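Q: This is the structure I want to talk about, given as structure tokens.
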Amino acid sequence: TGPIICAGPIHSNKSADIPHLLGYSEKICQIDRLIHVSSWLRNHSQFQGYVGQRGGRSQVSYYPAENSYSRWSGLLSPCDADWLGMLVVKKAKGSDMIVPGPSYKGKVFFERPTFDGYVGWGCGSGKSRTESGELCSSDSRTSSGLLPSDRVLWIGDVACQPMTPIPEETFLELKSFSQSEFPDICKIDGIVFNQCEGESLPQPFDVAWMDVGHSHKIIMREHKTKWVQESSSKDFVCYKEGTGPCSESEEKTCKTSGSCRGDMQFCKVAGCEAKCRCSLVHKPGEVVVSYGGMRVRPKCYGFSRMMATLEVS
Amino acid sequence: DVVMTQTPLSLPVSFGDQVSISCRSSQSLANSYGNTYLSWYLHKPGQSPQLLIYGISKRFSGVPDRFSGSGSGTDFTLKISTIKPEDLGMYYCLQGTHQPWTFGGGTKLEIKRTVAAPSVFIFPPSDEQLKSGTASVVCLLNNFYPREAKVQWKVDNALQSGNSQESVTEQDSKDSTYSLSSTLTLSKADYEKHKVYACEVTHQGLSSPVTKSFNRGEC
Amino acid sequence: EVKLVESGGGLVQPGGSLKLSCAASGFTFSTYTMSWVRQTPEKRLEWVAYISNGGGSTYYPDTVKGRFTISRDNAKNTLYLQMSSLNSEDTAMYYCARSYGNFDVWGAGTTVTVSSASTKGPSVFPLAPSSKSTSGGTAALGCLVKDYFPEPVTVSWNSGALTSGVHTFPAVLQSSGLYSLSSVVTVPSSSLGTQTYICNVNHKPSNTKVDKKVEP
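Protein chains in written order, with the deposited numbering: chain A, 21 to 293, 301 to 340; chain L, 1 to 30, 30A to 30E, 31 to 214; chain H, 1 to 52, 52A, 53 to 82, 82A to 82C, 83 to 99, 101 to 213.
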């Protein structure tokens, strides 16, 4: 669809470090260049190099090819929120089930929302998944370490954002509604969701889910969506024309002092007047979910595949 | 794909018996999470397949405690501790751990009884059917047990080939017997070129093969 | 109660098409993956097609991949199997099922018969008794219900009075493509001259009803 701040990365050496950038726009310019999945792959699976070469994040493979929230460059994926500190894409475990559907063959990284959070799978350097995804066989097309972005697969239609934390009573109220709505479900991804005197084995479960910032997610069938825009400082990226993201020192000056160029919308809330320029991020805004008479701004809203267990009694 | 072989294919059973149905898989039905999606189904005549056991050993609810599964890896087994009439039918094992999912060959739980003897009966083709150019010689095996019986056709002592068809009635509700009909189909040409038509029957209940024959030229 | 009811089964012509509908009731259809299972006349069950709950994922075995298309409208809680490029090897009772390695709920099934034959009337010939069909006072006679299509035929003897030992054999699909079966009955030899034996065959698809006097 196009990037937020920075065009696709053109890396030189796989051994080059990952300079961690605190500046928000700088953190999003890494996200545009998949420097975050690059880090995760390194931090969690002996991966030497980067993902996203030439293509960038705008080229990551999404399992639901009909991915709606991907067309919006500014809607954050699970991984993209891992870089900003909203969710940790936990490394997989022998018990974290890989969902069927995605063409895993050749993937270097892939990720899926799980009922209790987010889980990713990495392959080591010069390695790539099998068609089932549970091993990392050899792949001569991965020796470079400067791998394409198609080698990154993000499972599910997912949108992440700053969440209004909800009283825990709400969550439990929501979990109670999710249980009356989904009585057949006994477990989701290994997390108890109801009680059954007879449970069938794990089963693919395409479900609209929601992260309200609590233990598990709130899975949904009858729910309403609606998008907003707070025009807050996190919905605006800052950049120096031609030279990429503005420094952290320049950004705060832009988004506080108001002595910076910018789009209409920035100007109309922050101010304007060689210099730094800030703009809006490409997104409908913040997703608000109506559910069981209550609306909640989720940390992440989305429709994704999960492995769940249904009753037999 | 994962070939599910089901032993036995046919299983004579008496009520009160405990019967075992074994299902052996070409490959290991343990995926990479230790989950094994092997399930046993009951298909009674004229009804829908019913889930009995899923996940090797877990009983579907509504299924009596007499059904039990067990196993790991390649060979899996369904176990009915006490057969009741409502359990007769075709039993199928099914994977689901690998695609494509594959059912097993099936196990017919049939009623075991005392070995009967085939009342054999051979019928020449009717004049009416010969007027239509075709001749069907019907050899009847009536009321026998077990099901496994052998029918051979001898047309002028010439063992017939590709010229026969078999039909076995399901097990009788009143005396647990099977009846079998072998239809030898020839053209009126081939029928009028030969004289002696014989159906010889081999069966457990026959001490000697029963040869039932008819000479075309006789009423 | 969990109920699946299939619909759309019937005669189709080879290469032709037929779509099967599975109506789902008694459960939350959109939270179950569902699948279609067929039973060949040799009682072999085969996995046919599978579909996720939200219809986004489907799977098929290569035997019916590219020829069949599974689909489901959770809105109407109905599962669908569009069958194209049908062959006599697609002759089966197709069941829909709640799915994922455990078909815990099956539909009643719907018979799909792929055969280029056309509804033909049965030819009932007498399988008359003789000395070679008499053993220990019991004589056997019957009827040959030959060259008919499609199934089924209903064969009663003596308008239905004869149930003592009447054996109606399963139909056999010959190479000609037409079904054929025998109905037989064993009777006292004393009756052969004193009792009439008439098999009553009804073939509803062809509107054929034939009463045949099977006697010496």
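A virtual CB, placed ideally from N, CA and C, is assigned to each residue, including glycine.
One question on the structure: do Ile30/A and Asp52/A come within less than 7 angstroms of each other, judged by their Cβ atoms?
A: Start at 1 with the first residue of the first sequence, and residue 30/A comes out as number 10. Start at 1 with the first residue of the first sequence, and residue 52/A comes out as number 32. Going by C-beta atoms, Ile30/A is not nearer than 7 angstroms to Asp52/A.
Q: To the nearest angstrom, how far is the alpha carbon of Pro202/H from that of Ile211/A?
A: In the third sequence, the residue the question calls residue 202/H occupies position 205. In the first sequence, the residue the question calls residue 211/A occupies position 191. If you take the alpha carbons of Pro202/H and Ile211/A, they lie about 55 angstroms apart.
Q: I'd like the span of the beta strand (DSSP E) that includes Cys194/L, first residue to last.
A: Translated into positions along the second sequence, residue 194/L becomes position 199. Looking at the DSSP string, the run of the beta strand (DSSP E) that includes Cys194/L is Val191 to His198.
Q: Run through the region 189 to 268 of chain A for me and flag every whole beta strand (DSSP E) of 3 or more residues, listed as ranges in chain order.
A: Fully enclosed beta strand (DSSP E) runs of 3 or longer: 205 to 208, 223 to 231, 244 to 247 and 256 to 259.
Q: For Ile21/L, tell me which candidate among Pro95/L, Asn30A/L and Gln6/L has the shortest Cα-Cα distance.
A: Numbered from its first residue, the second sequence carries residue 21/L at position 21. Comparing Cα positions, the closest option is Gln6/L.
Q: Quick one, which of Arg54/L, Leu29/L, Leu104/L and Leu136/L has its alpha-carbon nearest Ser180/H's?
A: On the third sequence, residue 180/H is found 183 positions in, with the first residue counted as 1. Nearest of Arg54/L, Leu29/L, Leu104/L and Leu136/L to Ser180/H, Cα basis: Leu136/L.
Q: Does chain A have any CB closer than 7 angstroms to the CB of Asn30E/L?
A: Translated into positions along the second sequence, residue 30E/L becomes position 35. It does: the Cβ of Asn30E/L has a partner Cβ on chain A nearer than 7 angstroms.
Q: By Cβ distance below 7 angstroms, which residues in the same chain neighbour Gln171/H in space, the five residues on each side in sequence not counted?
A: Walking along the third sequence from the start, residue 171/H turns up at place 174. Cβ within range, chain order: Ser177.
Q: Within its chain, find whatever has a CB closer than 8 angstroms to the CB of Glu193/A; leave out the 5 residues flanking it on each side and keep chain order.
A: If you number the first sequence from 1, residue 193/A lands on position 173. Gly319 and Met321.
Q: So if DSSP puts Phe118/L in a beta bridge, which residue, or which two residues, is it bridged to?
A: The sequence position of residue 118/L within the second sequence is 123, counting from 1. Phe118/L pairs with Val133/L.
Q: Over what stretch of residues does the alpha helix (DSSP H) that includes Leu61/A continue unbroken?
A: As a working note, residue 61/A is residue 41 in the first sequence. Counting along the chain, the alpha helix (DSSP H) containing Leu61/A begins and ends at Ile55 to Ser65.
Q: For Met284/A, count the other beta carbons within 10 Å of its own beta carbon; 16 or more makes it buried, fewer makes it exposed. Which is it?
A: Looking up residue 284/A in the first sequence gives position 264. Label assigned to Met284/A: exposed.
Q: Measuring only the C-alpha atoms, how far is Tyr70/A from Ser93/A?
A: Along the first sequence, read from residue 1 onward, the residue named residue 70/A stands at position 50. Along the first sequence, read from residue 1 onward, the residue named residue 93/A stands at position 73. Straight-line Cα distance between these residues: approximately 20 angstroms.
Q: Any beta carbon from chain A within less than 7 angstroms of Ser52/H's own beta carbon?
A: Taking the first residue of the third sequence as 1, we reach residue 52/H at position 52. Yes, because at least one Cβ of chain A sits closer than 7 angstroms to the Cβ of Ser52/H.
Q: Could you tell me whether the Cβ atoms of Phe62/L and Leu47/L are closer together than 7 angstroms?
A: By 1-based counting over the second sequence, the position of residue 62/L is 67. By 1-based counting over the second sequence, the position of residue 47/L is 52. Going by C-beta atoms, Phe62/L is nearer than 7 angstroms to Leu47/L.
Q: At a cut-off of 6 angstroms, would you count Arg171/A as near the ligand MG, judging by its Cβ distance to the nearest heavy atom?
A: With respect to the ligand MG, the structure shown offers nothing to examine, as it has no ligands at all.
Q: For a quick check, are the C-beta atoms of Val314/A and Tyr328/A less than 7 angstroms apart?
A: Residue mapping note: residue 314/A aligns to position 287 of the first sequence, counting from 1. Residue mapping note: residue 328/A aligns to position 301 of the first sequence, counting from 1. The answer is yes: Cβ separation under 7 angstroms.
Q: Taking the alpha carbon of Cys88/L as the point to measure from, which residue in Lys107/L, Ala184/L, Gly66/L and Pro12/L has its own alpha carbon closest?
A: Here residue 88/L corresponds to residue number 93 of the second sequence, with the count starting at 1. If we check each option's Cα against that of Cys88/L, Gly66/L comes out closest.
Q: Short of 8 angstroms Cβ to Cβ, which residues in the region 56 to 87 of chain L face chain H?
A: So the list reads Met85 and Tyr87, given in the order they occur along the chain.
Q: Helix or strand or just coil, what does DSSP make of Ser10/L?
A: For this step, residue 10/L is matched to residue 10 along the second sequence. Of the three classes helix, strand and coil, the one that applies to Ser10/L here is strand, per DSSP.
Q: At the level of alpha carbons, what is the spacing between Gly16/H and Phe191/A?
A: Residue mapping note: residue 16/H aligns to position 16 of the third sequence, counting from 1. Residue mapping note: residue 191/A aligns to position 171 of the first sequence, counting from 1. Those two C-alpha atoms are separated by around 53 angstroms.
Q: When you compare the CB positions of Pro120/A and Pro224/A, do they come within less than 7 angstroms of one another, or not?
A: Locating residue 120/A in the first sequence gives position 100, counting from the first residue. Locating residue 224/A in the first sequence gives position 204, counting from the first residue. Their beta carbons are under 7 angstroms apart, which means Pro120/A touches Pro224/A by this criterion.
Q: Going along the chain, which residues of the region 16 to 47 of chain H sit with their C-beta nearer than 9 angstroms to a C-beta in chain A?
A: Those would be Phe27, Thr28, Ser30, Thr31, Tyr32 and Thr33, in chain order.
Q: Taking its Cβ as the centre, do 16 or more other Cβ atoms sit within 10 Å of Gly41/L, making it buried, or is it exposed?
A: Within the second sequence, residue 41/L is the residue found at index 46, counting from 1. By the neighbour-count rule (16 or more Cβ atoms within 10 Å), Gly41/L is not buried but exposed.
Q: If the criterion is Cβ atoms closer than 7 angstroms, does the pair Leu141/H and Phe166/H meet it?
A: For the purposes of this step, residue 141/H is taken as residue 144 along the third sequence, with counting starting at 1. For the purposes of this step, residue 166/H is taken as residue 169 along the third sequence, with counting starting at 1. No, these two residues do not count as a Cβ contact at 7 angstroms.
Q: Using only the alpha-carbon positions, how far apart do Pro203/A and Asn214/A sit?
A: Here residue 203/A corresponds to residue number 183 of the first sequence, with the count starting at 1. Here residue 214/A corresponds to residue number 194 of the first sequence, with the count starting at 1. About 7 angstroms.
Q: For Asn197/H, list the residues DSSP reports as bridge partners.
A: Locating residue 197/H in the third sequence gives position 200, where the first residue counts as 1. Paired residues: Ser153/H and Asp208/H.
Q: Report the rounded CA-to-CA distance for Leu82C/H versus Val184/H, giving the unit in angstroms.
A: As a first step, residue 82C/H is located in the third sequence; it is residue number 86 there, counting from the start. As a first step, residue 184/H is located in the third sequence; it is residue number 187 there, counting from the start. Taking the straight line from one Cα to the other gives about 45 angstroms.
Q: Closest to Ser120/H by C-alpha separation, out of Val48/H, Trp154/H, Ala93/H and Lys209/H, would be which residue?
A: Position 123 of the third sequence, counted from the start, is the residue given in the question as residue 120/H. Closest by alpha carbon: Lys209/H.
Q: By the 10 Å Cβ neighbour count, where 16 or more other Cβ atoms means buried, how is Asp255/A classified, buried or exposed?
A: In the first sequence, residue 255/A corresponds to position 235, counting from 1. Result: buried.
Q: Measuring only between beta-carbons, confirm whether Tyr140/L sits less than 7 angstroms from chain B.
A: No chain B is part of this structure, whose protein chains are labelled A, L and H.
Q: Report the residues of the region 83 to 99 of chain H with a CB closer than 9 angstroms to any CB of chain A, ordered along the chain.
A: Those residues of the region 83 to 99 of chain H that come within reach of chain A (Cβ to Cβ, closer than 9 angstroms) are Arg94, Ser95, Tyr96, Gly97 and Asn98.
Q: Label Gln13/H either buried or exposed according to how many other C-beta atoms from any shown protein chain fall within 10 Å of its C-beta, with 16 as the threshold for buried.
A: Residue numbering aside, residue 13/H sits at position 13 when the third sequence is read from its first letter. Looking at its Cβ environment, which holds fewer than 16 other Cβ atoms inside 10 Å, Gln13/H is exposed.
Q: Here's the rule: buried if 16 or more other CB atoms are within 10 angstroms of the residue's CB, otherwise exposed. What is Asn33/A?
A: As a working note, residue 33/A is residue 13 in the first sequence. By the neighbour-count rule (16 or more Cβ atoms within 10 Å), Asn33/A is not buried but exposed.
Q: Report the start-end ranges of each beta strand (DSSP E) in the region 134 to 195 of chain A that is 3 residues or longer and not cut off at the edges.
A: Correct list: 137 to 142, 147 to 149, 156 to 158, 172 to 174 and 177 to 180.
Q: Which of the three DSSP states, helix, strand or coil, is assigned to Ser45/A?
A: Locating residue 45/A in the first sequence gives position 25, counting from the first residue. The answer is helix: DSSP assigns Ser45/A an H, G or I state.
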